[PDB]
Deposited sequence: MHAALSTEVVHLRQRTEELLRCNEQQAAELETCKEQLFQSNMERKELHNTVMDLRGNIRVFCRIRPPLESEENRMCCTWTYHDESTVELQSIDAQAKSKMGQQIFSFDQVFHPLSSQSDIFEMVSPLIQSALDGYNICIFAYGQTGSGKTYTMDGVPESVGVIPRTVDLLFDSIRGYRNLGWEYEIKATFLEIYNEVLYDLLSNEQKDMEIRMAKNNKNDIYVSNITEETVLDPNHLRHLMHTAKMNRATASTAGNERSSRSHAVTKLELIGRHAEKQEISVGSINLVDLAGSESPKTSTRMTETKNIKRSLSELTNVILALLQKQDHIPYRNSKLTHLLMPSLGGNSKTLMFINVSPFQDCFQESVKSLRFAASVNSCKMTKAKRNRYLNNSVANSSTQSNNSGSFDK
């Protein structure tokens, strides 16, 4: 019947016209809501940045690790916590002035990995909002550096926790229209010489100005993996640590967050630089450059603090590598790891001595 079809058409055009209409109102609401969400996050980002500014763009921490179940009769020095920020160490040698230092926070032998991450988590957000972060673990060998950054399968550290935070955040960000991409890169620094950790073929790399920014950095010939998913990253990390076989080398692991918002044509890029510094201990029993680097690094932070105008980042491979992350907007976390034992008293006092020169900068 032609009349049936004719009637089904007229109805069809009716449902189509009603749907096109109701369909254009959603498009309209979706639009404003989109705009107000972008605008809202934007302010949220700024409100977050203010809080980071108020707690400090450069904060120093202290972490005396618990003693190992295998060597304990080496009477740990005498530790006293004058408050959750100030700590003092005395030696058990029967008779300097005193040895007391202030931090932004002090973690004792019972502070869990989870507890230290809580000092870092806020920064994973800043990196996602386009800021650069640097996280160091400074101290003598055996004091706690590696266990703090990487950790142990039994109890994980800063880096593994950051990746879980990253992917969880990144995943959520999608609901805002941001598509994030992570650039992974791992490297080492023995004698002012850079070594890639995702390859074996020796190749000479070097720090050079970046394409679209003479202020940014670029390491030529290094492996820069574009993370596919957390499996891909887990593979990369395990693979990295693999070839890392030391306490006289600087291990840097950089994750660069490239956020791309398509419909708003806005781009965001921040970076996390997790550094497992080399032993700060003094030579006893040739290690020229290792004392250079560490001092250069601690001088650049001290400069950054007193707002020194022209800073010589190039005076060292490391300080040159992290230069764009030691800049203005940047935030820097510094974990001073320490050993409780007697034999480390003088060494431990050396480490801690950075806490005084940091705030004496006022």
| item | value |
| --- | --- |
| Stretches of the record's deposited sequence for which the structure holds no C-alpha atoms | 96 to 99, 250 to 258, 299 to 303, 381 to 409 |
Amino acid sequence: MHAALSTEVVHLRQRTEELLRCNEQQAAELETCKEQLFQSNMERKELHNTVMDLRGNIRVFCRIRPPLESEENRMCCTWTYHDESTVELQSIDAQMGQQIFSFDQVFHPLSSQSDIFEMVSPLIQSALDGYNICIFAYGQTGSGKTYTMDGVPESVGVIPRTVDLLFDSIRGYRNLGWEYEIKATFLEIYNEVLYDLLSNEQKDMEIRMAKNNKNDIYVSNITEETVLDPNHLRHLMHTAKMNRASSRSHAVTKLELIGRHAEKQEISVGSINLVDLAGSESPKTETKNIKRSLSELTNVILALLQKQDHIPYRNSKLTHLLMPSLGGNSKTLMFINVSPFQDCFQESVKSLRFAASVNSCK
From here on, numbers count along this sequence of modelled residues.
property	result
Between 47 to 55 and 66 to 74 (mean CA B-factor, as deposited), the higher	66 to 74
30 to 38 set against 304 to 312, stretch whose average Cα temperature factor tops the other in the entry	304 to 312
Criterion, highest CA B-factor; candidates, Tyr190, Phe103, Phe167, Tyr173	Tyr190
Residue with maximal Cα B-factor (values as given in the PDB entry) among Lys288, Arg161, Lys183, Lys145	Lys288
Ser114 - which third its CA temperature factor falls in, relative to the rest of the chain	lowest
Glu206 - Cα temperature factor, lowest/middle/highest third of chain	highest
Where the record places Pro283 (Cα B-factor, split into thirds across the chain)	highest
B-factor third for the C-alpha atom of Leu294 within its chain	highest
Where the record places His235 (Cα B-factor, split into thirds across the chain)	middle
